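This document starts with one chain, in the form deposited in one PDB entry, laid out as structure tokens.
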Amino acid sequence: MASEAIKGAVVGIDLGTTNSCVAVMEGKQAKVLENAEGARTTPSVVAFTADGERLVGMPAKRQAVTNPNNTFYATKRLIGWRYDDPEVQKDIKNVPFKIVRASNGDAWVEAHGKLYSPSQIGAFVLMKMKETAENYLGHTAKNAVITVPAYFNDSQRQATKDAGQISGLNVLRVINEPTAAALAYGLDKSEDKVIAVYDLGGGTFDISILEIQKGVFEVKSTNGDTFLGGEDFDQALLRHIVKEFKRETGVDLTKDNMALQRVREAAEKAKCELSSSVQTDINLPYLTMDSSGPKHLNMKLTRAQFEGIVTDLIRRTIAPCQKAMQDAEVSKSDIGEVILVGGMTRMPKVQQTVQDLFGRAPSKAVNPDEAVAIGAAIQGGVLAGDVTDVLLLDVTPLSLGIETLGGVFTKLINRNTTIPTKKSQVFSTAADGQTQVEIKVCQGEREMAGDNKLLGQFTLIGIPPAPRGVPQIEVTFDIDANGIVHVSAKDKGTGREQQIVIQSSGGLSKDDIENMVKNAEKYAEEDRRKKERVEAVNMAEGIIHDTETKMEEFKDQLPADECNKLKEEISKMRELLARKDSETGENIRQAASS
């Protein structure tokens, strides 16, 4: 068949067991969309009330206690499976909700005397996420790319496709989670390689060995631990904290409910803090109230203690990965890249284990929590419409602009501006009676004239005399095609134009984009301060010039010895120790009235 003419917006939905994420192609990069509550990840929970409701997400989690037999969670472990299955038989006992058998002998669910397939719960979740995407987009999201685990068979992939179709989504393709992570990490455009995708942090641990031969991804092997996730690490930390609190004081927080939630949140923040900091503190004033008085929790937690608390859990990820490499028929030297997915992989202990296990320092340049959805968005942008056209659209490496009377760097075109762009700005003459106007073109990121570079320079000669500020000169940059900059100065009202075709439009393509903007951020507040200083100097100089010109116009019966505040202004000018001269700019007195 010919081109399908999608001509629309393709969302990438990461349909997870616990939490789902949706992202879209925002030009050259994927953007993870936040839901109606401002959270980027939506729980895959659906619930039905007595009369009729379809609470999806956190609204269903909050109501779960009041409606435990009609709140369906972790249904992605029931999709594509028959009723008479081992794993389904283990799962039916624990789940509070009802799991029934359909006519086709499939494990369905029951809610107030109604039958829903495990694909229909996912369809409701996908409807919620499609609404989330549409709210940001403003139009309908008709196409979608939905990710599935690499161990799904064709039946479960078809169930996911049907779930996407029920939600009103034209599912372009059903992608893997390892493949989506590889696309997010940018291994799609790479030579033939074997990569390992380390997925720790969700409700499951997954390790998949992939091959990128010919430019396409093949799943060589898959493995993991089903009963290991990111909740176990937090549970271990919380247990350690409450045990320490009971040891130090004598009160068990397990009986308390509010205190347990406070300690759980504090443990989550402490675990997130022990990935960049060696030590952390857990402060919880007024944790519990006793007959002897309130008790305040104060714990010092170091990274060594944390990595000793969860050492067994991390060690439980070494046998599955070795077995996955055995199934793929590869060794440590045969792995060309390691990919980190999941929020629990940010600790240096997990990354050290991965490096010691695969022989390669893991790739951690992408947010592991939102990598599958971002890769699905990338794949959707590639599959449909034209996104690669914006991918080949070259952008400016560094910002461009011209000079300014006070040495300021007036920025016409900023740093990350696509090349075929024309921008124009109008500027006035410097002083009264000025006829020669000179343009100084320079490139950089600092707010100063000569502190960045100097591309070229020309002159606009020929200007009718006029009072300062009245002549209008339209300086326009004409960056066209791909590359060279056609700077042109236009004297609005009259002729005598000027032009230049300055070369080296990012010709020195190097890490200057990474380094010149690196030290332009540290030296920013000081640069802003000096720029404000020179702006105030220019304003005060203009005001004093206006006052002097007005004073030299009226002289008779003018006892303006009190109007000598310009002396104080000049004294303030010769002082590099003040914030700005705007506050002392109140020197525009015109009591003479022309």
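All residue numbers are counted from 1 along the displayed sequence. Heads up, when I say rigid core I mean the largest set of C-alphas that superpose within 1.5 Å between the two forms.
Beyond the structure shown, there is the form deposited in another entry, which is absent from this document and is the topic of what follows.
Task: Position that moves between the shown form and the other one after core superposition, taken from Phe72, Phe409, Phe233, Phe124, with Cα shift of 2 Å or more - done: Spelled out, the residue whose C-alpha shifts by 2 Å or more is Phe409.
Open item on the list: On a rigid core superposition, would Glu110 pass a 2 Å threshold for CA movement between the shown form and the other one?
Closed with: Superposed on the core, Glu110 moves its C-alpha less than 2 Å between the shown form and the other one.
Open item on the list: For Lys214, does the CA position differ by 2 Å or more between the shown form and the other one when the superposition is done on the rigid core?
Closed with: False for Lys214: its C-alpha shift is below 2 Å.
Task: Rigid-core frame, C-alpha of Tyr151, shift of 2 angstroms or more between the shown form and the other one - done: For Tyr151, whose C-alpha is compared between the shown form and the other one after core superposition, the shift is less than 2 Å.
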